[PDB]
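Peer 1: Pasting a structure below so you can have a look.
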Amino acid sequence: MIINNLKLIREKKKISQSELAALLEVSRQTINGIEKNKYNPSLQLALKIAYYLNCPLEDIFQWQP
Amino acid sequence: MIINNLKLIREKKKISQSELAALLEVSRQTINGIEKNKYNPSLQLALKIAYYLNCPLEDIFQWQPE
Ligand SMILES: *SCC1=CC(C)(C)N(O)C1(C)C
Ligand SMILES: *SCC1=CC(C)(C)N(O)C1(C)C
C-alpha cells in the first residue's frame, strides 16, 4: 500500500544503484529491494533517499487510503 | 536524527491526540511517543500523518543531514 517511484527517478537522474547506495551507506541489494517493492525503508532511510535524489519524499514514496 | 514538528502542527490545527489517533488508526500512546521523541514512526505512518495533516512530509519530519 506504499507505491514507490525510486527506480524511475533514480534512472531519470542517471544515478546508479551502487552510487546511491554508497551515499546512503547501505547495500546495493537494499536499494534494489526497495525499488522492486520487496520491503520499505525506515523513515530515516526514506528521508535520506529523498535528500540524495533531491526530490520531495512523497514524489518517491506514496501512500493513499 | 530526525527532528519532528508533529506536536506544533497538530495543536495549531486544533486536533487532539486522541482525534489524530482515531483518524490514523493508531493509539494515542503512539502519537504521544512521537511527540515526546521516544518513538519512531514507520514510513507508512509518517506518510499517513502527512496525508491527513495536508503538509509536505518534510515539514513534519526533518532529517538532519549527516
Ligand atoms: S525531484 C521531482 C522529479 C524529478 C523528475 C525525475 C523529473 N520527476 O519525474 C519528478 C517530478 C518526480
Ligand atoms: S501545511 C504547512 C504548515 C501548516 C501550519 C501548521 C500552519 N504550519 O505552521 C506549517 C508551515 C508547518
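Residue names in the C-alpha cells use chain letters A, B, ... in the order shown, residue numbers from 1 in each chain, and ligand numbers from 1 in the order shown.
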Pick out the residues sitting within 10 Å of region 39-44 of chain A, and hand them over as JSON, numbers by chain; count only C-alpha atoms, and ignore anything fewer than 6 positions along from it in its own chain.
Peer 2: {"A": [2, 3, 4, 30, 31, 32, 33, 50, 57, 61], "B": [1, 2, 40, 41, 42, 43, 44, 45, 46, 47, 61, 62, 63, 64]}
Peer 1: In chain B, what's strand (DSSP E or B) per DSSP? Answer as a count of residues only?
Peer 2: 6
Peer 1: Enumerate residues in contact with ligand 2: an atom-to-atom distance of at most 12 Å, counting only C-alpha atoms and all ligand atoms. Format the result as a PDB file with N, CA and C atoms, in the first residue's frame.
Peer 2:
ATOM      1  N   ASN B   4      11.090  16.367  14.629  1.00  0.00           N
ATOM      2  CA  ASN B   4       9.701  16.427  14.147  1.00  0.00           C
ATOM      3  C   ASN B   4       8.970  17.615  14.758  1.00  0.00           C
ATOM      4  N   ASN B   5       7.987  18.093  14.016  1.00  0.00           N
ATOM      5  CA  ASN B   5       7.099  19.177  14.395  1.00  0.00           C
ATOM      6  C   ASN B   5       5.666  18.720  14.563  1.00  0.00           C
ATOM      7  N   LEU B   6       5.450  17.449  14.881  1.00  0.00           N
ATOM      8  CA  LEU B   6       4.080  16.971  14.944  1.00  0.00           C
ATOM      9  C   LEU B   6       3.258  17.662  16.018  1.00  0.00           C
ATOM     10  N   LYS B   7       3.806  17.841  17.225  1.00  0.00           N
ATOM     11  CA  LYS B   7       3.025  18.471  18.291  1.00  0.00           C
ATOM     12  C   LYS B   7       2.524  19.841  17.849  1.00  0.00           C
ATOM     13  N   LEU B   8       3.488  20.630  17.346  1.00  0.00           N
ATOM     14  CA  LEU B   8       3.178  22.002  16.981  1.00  0.00           C
ATOM     15  C   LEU B   8       2.089  22.102  15.913  1.00  0.00           C
ATOM     16  N   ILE B   9       2.272  21.266  14.885  1.00  0.00           N
ATOM     17  CA  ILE B   9       1.302  21.312  13.773  1.00  0.00           C
ATOM     18  C   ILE B   9      -0.065  20.803  14.224  1.00  0.00           C
ATOM     19  N   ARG B  10      -0.086  19.689  14.962  1.00  0.00           N
ATOM     20  CA  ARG B  10      -1.323  19.105  15.460  1.00  0.00           C
ATOM     21  C   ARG B  10      -2.101  20.114  16.297  1.00  0.00           C
ATOM     22  N   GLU B  11      -1.370  20.772  17.209  1.00  0.00           N
ATOM     23  CA  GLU B  11      -2.080  21.687  18.108  1.00  0.00           C
ATOM     24  C   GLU B  11      -2.509  22.953  17.373  1.00  0.00           C
ATOM     25  N   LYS B  12      -1.733  23.457  16.405  1.00  0.00           N
ATOM     26  CA  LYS B  12      -2.172  24.623  15.656  1.00  0.00           C
ATOM     27  C   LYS B  12      -3.462  24.339  14.895  1.00  0.00           C
ATOM     28  N   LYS B  13      -3.602  23.113  14.419  1.00  0.00           N
ATOM     29  CA  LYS B  13      -4.787  22.679  13.709  1.00  0.00           C
ATOM     30  C   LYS B  13      -5.958  22.318  14.620  1.00  0.00           C
ATOM     31  N   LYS B  14      -5.757  22.398  15.914  1.00  0.00           N
ATOM     32  CA  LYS B  14      -6.718  22.148  16.980  1.00  0.00           C
ATOM     33  C   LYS B  14      -7.192  20.705  17.036  1.00  0.00           C
ATOM     34  N   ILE B  15      -6.274  19.810  16.742  1.00  0.00           N
ATOM     35  CA  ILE B  15      -6.511  18.375  16.713  1.00  0.00           C
ATOM     36  C   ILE B  15      -5.961  17.776  17.993  1.00  0.00           C
ATOM     37  N   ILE B  49       0.319  10.506   8.323  1.00  0.00           N
ATOM     38  CA  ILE B  49       0.283  11.779   9.040  1.00  0.00           C
ATOM     39  C   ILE B  49       0.356  12.944   8.055  1.00  0.00           C
ATOM     40  N   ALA B  50       1.308  12.921   7.132  1.00  0.00           N
ATOM     41  CA  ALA B  50       1.467  13.993   6.159  1.00  0.00           C
ATOM     42  C   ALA B  50       0.227  14.065   5.292  1.00  0.00           C
ATOM     43  N   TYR B  51      -0.338  12.921   4.885  1.00  0.00           N
ATOM     44  CA  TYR B  51      -1.543  12.933   4.081  1.00  0.00           C
ATOM     45  C   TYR B  51      -2.684  13.689   4.757  1.00  0.00           C
ATOM     46  N   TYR B  52      -2.996  13.322   5.996  1.00  0.00           N
ATOM     47  CA  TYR B  52      -4.147  13.946   6.640  1.00  0.00           C
ATOM     48  C   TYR B  52      -3.870  15.342   7.190  1.00  0.00           C
ATOM     49  N   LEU B  53      -2.650  15.609   7.651  1.00  0.00           N
ATOM     50  CA  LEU B  53      -2.325  16.963   8.080  1.00  0.00           C
ATOM     51  C   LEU B  53      -2.171  17.887   6.879  1.00  0.00           C
ATOM     52  N   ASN B  54      -2.105  17.328   5.677  1.00  0.00           N
ATOM     53  CA  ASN B  54      -2.059  18.129   4.469  1.00  0.00           C
ATOM     54  C   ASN B  54      -0.912  19.143   4.498  1.00  0.00           C
ATOM     55  N   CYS B  55       0.258  18.651   4.873  1.00  0.00           N
ATOM     56  CA  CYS B  55       1.537  19.347   4.845  1.00  0.00           C
ATOM     57  C   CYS B  55       2.564  18.438   4.170  1.00  0.00           C
ATOM     58  N   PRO B  56       3.531  18.938   3.424  1.00  0.00           N
ATOM     59  CA  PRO B  56       4.630  18.110   2.901  1.00  0.00           C
ATOM     60  C   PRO B  56       5.258  17.353   4.069  1.00  0.00           C
ATOM     61  N   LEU B  57       5.542  16.098   3.849  1.00  0.00           N
ATOM     62  CA  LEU B  57       6.079  15.295   4.950  1.00  0.00           C
ATOM     63  C   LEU B  57       7.323  15.934   5.554  1.00  0.00           C
ATOM     64  N   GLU B  58       8.159  16.588   4.772  1.00  0.00           N
ATOM     65  CA  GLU B  58       9.356  17.208   5.326  1.00  0.00           C
ATOM     66  C   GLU B  58       9.081  18.452   6.138  1.00  0.00           C
ATOM     67  N   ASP B  59       7.847  18.934   6.162  1.00  0.00           N
ATOM     68  CA  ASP B  59       7.555  19.993   7.134  1.00  0.00           C
ATOM     69  C   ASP B  59       7.376  19.411   8.534  1.00  0.00           C
ATOM     70  N   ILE B  60       7.076  18.120   8.587  1.00  0.00           N
ATOM     71  CA  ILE B  60       6.711  17.445   9.811  1.00  0.00           C
ATOM     72  C   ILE B  60       7.885  16.648  10.366  1.00  0.00           C
ATOM     73  N   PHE B  61       8.583  15.981   9.465  1.00  0.00           N
ATOM     74  CA  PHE B  61       9.718  15.161   9.838  1.00  0.00           C
ATOM     75  C   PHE B  61      10.948  15.578   9.036  1.00  0.00           C
ATOM     76  N   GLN B  62      11.953  16.081   9.745  1.00  0.00           N
ATOM     77  CA  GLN B  62      13.125  16.612   9.071  1.00  0.00           C
ATOM     78  C   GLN B  62      14.362  15.833   9.461  1.00  0.00           C
TER      79      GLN B  62
END
Peer 1: Of the residues A:24, A:60, A:49, A:55, which is the one nearest to ligand 1, using only C-alpha atoms and all ligand atoms?
Peer 2: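 Comparing A:24, A:60, A:49, A:55 against ligand 1, the winner is A:55.
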Peer 1: Residues of chain B in alpha helix (DSSP H) according to DSSP, as a ChimeraX atom specification?
Peer 2: /B:6-12,17-24,28-35,43-53,57-60
Peer 1: Quick one: write out the picked residues with C-alpha atoms as a CSV table (one decimal), in the first residue's frame?
Peer 2:
chain,number,residue,atom,x,y,z
B,6,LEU,CA,4.1,17.0,14.9
B,7,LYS,CA,3.0,18.5,18.3
B,8,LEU,CA,3.2,22.0,17.0
B,9,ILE,CA,1.3,21.3,13.8
B,10,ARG,CA,-1.3,19.1,15.5
B,11,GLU,CA,-2.1,21.7,18.1
B,12,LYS,CA,-2.2,24.6,15.7
B,17,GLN,CA,-4.0,13.4,20.3
B,18,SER,CA,-7.0,11.0,20.6
B,19,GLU,CA,-8.5,12.7,17.5
B,20,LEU,CA,-5.4,12.2,15.4
B,21,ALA,CA,-5.0,8.7,16.8
B,22,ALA,CA,-8.6,7.8,15.7
B,23,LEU,CA,-8.1,9.2,12.2
B,24,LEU,CA,-4.8,7.3,11.7
B,28,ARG,CA,-2.9,7.8,21.5
B,29,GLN,CA,0.3,6.5,23.1
B,30,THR,CA,1.8,6.2,19.6
B,31,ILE,CA,1.1,9.8,18.8
B,32,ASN,CA,2.4,10.9,22.2
B,33,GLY,CA,5.6,8.9,21.9
B,34,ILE,CA,6.4,10.5,18.5
B,35,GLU,CA,5.8,14.0,20.0
B,43,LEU,CA,7.4,5.3,6.8
B,44,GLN,CA,3.8,4.3,6.3
B,45,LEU,CA,2.6,6.1,9.5
B,46,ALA,CA,4.7,9.2,8.6
B,47,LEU,CA,3.0,9.2,5.1
B,48,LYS,CA,-0.4,8.9,6.7
B,49,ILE,CA,0.3,11.8,9.0
B,50,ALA,CA,1.5,14.0,6.2
B,51,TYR,CA,-1.5,12.9,4.1
B,52,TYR,CA,-4.1,13.9,6.6
B,53,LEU,CA,-2.3,17.0,8.1
B,57,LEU,CA,6.1,15.3,5.0
B,58,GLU,CA,9.4,17.2,5.3
B,59,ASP,CA,7.6,20.0,7.1
B,60,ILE,CA,6.7,17.4,9.8
Peer 1: Quick one: residues within 9 Å of ligand 1, with only C-alpha atoms and all ligand atoms, as a PyMOL selection string?
Peer 2: chain A and resi 5+8-13+50+53-60
Peer 1: For the residues in the current selection, export C-alpha atoms as a PDB file, in the first residue's frame.
Peer 2:
ATOM      1  CA  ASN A   5       8.975   5.565  -7.882  1.00  0.00           C
ATOM      2  CA  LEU A   8      12.175   5.587 -12.242  1.00  0.00           C
ATOM      3  CA  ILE A   9      13.521   8.685 -10.550  1.00  0.00           C
ATOM      4  CA  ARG A  10      16.985   7.296  -9.930  1.00  0.00           C
ATOM      5  CA  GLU A  11      17.207   6.274 -13.533  1.00  0.00           C
ATOM      6  CA  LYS A  12      15.901   9.612 -14.809  1.00  0.00           C
ATOM      7  CA  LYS A  13      18.755  11.259 -12.903  1.00  0.00           C
ATOM      8  CA  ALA A  50      14.783  11.832  -0.806  1.00  0.00           C
ATOM      9  CA  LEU A  53      17.744  12.290  -5.011  1.00  0.00           C
ATOM     10  CA  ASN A  54      16.794  15.901  -4.419  1.00  0.00           C
ATOM     11  CA  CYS A  55      13.083  15.182  -4.653  1.00  0.00           C
ATOM     12  CA  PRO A  56      10.327  15.560  -2.073  1.00  0.00           C
ATOM     13  CA  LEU A  57       9.812  12.260  -0.310  1.00  0.00           C
ATOM     14  CA  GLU A  58       6.198  11.996  -1.403  1.00  0.00           C
ATOM     15  CA  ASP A  59       7.407  12.014  -5.032  1.00  0.00           C
ATOM     16  CA  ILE A  60       9.251   8.787  -4.247  1.00  0.00           C
TER      17      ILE A  60
END
Peer 1: How many Å lie between CA of residue 25 (chain A) and CA of residue 7 (chain A), rounded to one decimal?
Peer 2: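 These atoms are spaced 17.8 Å apart.
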Peer 1: With only C-alpha atoms as the basis for distance, which of A:45, A:51, A:28, A:64 is at the shortest distance from residue 16 (chain A)?
Peer 2: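 The answer is A:28, which sits nearest to residue 16 (chain A).
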Peer 1: So how many Å separate CA of residue 38 (chain B) and CA of residue 47 (chain A), to one decimal?
Peer 2: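 Going from CA of residue 38 (chain B) over to CA of residue 47 (chain A) covers 18.5 Å.
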Peer 1: CA of residue 38 (chain A) to CA of residue 1 (chain A): how many Å, to one decimal?
Peer 2: 12.0 Å
